[PDB]
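In what follows, a single structure is set out as structure tokens and then discussed.
The figures that follow rest on heavy atoms only: side chains count, while hydrogens, waters and symmetry mates do not. Here, residue 1 is the first one in the sequence, and each next residue gets the next number.
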Amino acid sequence: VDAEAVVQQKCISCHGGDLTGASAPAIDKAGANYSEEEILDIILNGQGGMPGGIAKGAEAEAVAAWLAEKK
Ligand code: HEC
């Protein structure tokens, strides 16, 4: 999976093109604040104002792993 491309396709509408926030909060340093598993849970299931189901399976996992390293 190409995680950066999945993020550009599905996450920037709310998180901003450079992930520094737009309508929703920044996620450009999410790995500094969340573990990979916490990030995966949020992607699959949503959290607070974020809907669940935007990414699934291996795609979600690849995105979680990629963001987990951004600090
Ligand atoms: C890909 C499509 C996405 C990824 C990866 C993430 N999001 Fe979201 N998101 C949205 C809101 C309104 C929030 C705040 C909810 C809260 O944390 O109380 C979030 C939150 C996150 C978080 C956690 C907090 C942080 O800023 O790191 C992460 C790691 C995250 N999101 C990753 C809204 C939306 C949204 C609007 C409809 C979309 C398309 C996405 N989020 C998509 C992604």
Shared hydrophobic cluster for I43 and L19 (ILVMFWY, side-chain gaps under 4.5 Å): yes

Set of side chain to side chain donor-acceptor pair (under 3.5 Å) partners for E59, sequence neighbours left out: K10

NE2-CG distance between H15 and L67, expressed to the nearest 0.5 angstrom: 9.0 Å

Do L44 and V1 share a hydrophobic cluster, counting only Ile, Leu, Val, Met, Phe, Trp and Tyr and linking them when any side-chain heavy atoms are less than 4.5 Å apart? no

Set of side chain to side chain contact (heavy atoms under 4.5 Å, CB included) partners for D2, sequence neighbours left out: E4, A5

Once rounded to the nearest 0.5 Å, what's the spacing between atom CD1 of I54 and atom SG of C14? 6.5 Å

Shortest non-hydrogen contact from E38 toward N33: OE1-O, 4.3 Å

If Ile, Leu, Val, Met, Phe, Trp and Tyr residues are connected whenever their side-chain heavy atoms lie under 4.5 Å apart, and connections chain through other members, are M50 and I39 in the same group? yes

Is it the case that one hydrophobic cluster holds both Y34 and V63, taking links as side-chain heavy atoms less than 4.5 Å apart, direct or via other members? yes

Enter the distance from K71:NZ to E69:CD here, rounded to the nearest 0.5 Å. 5.0 Å

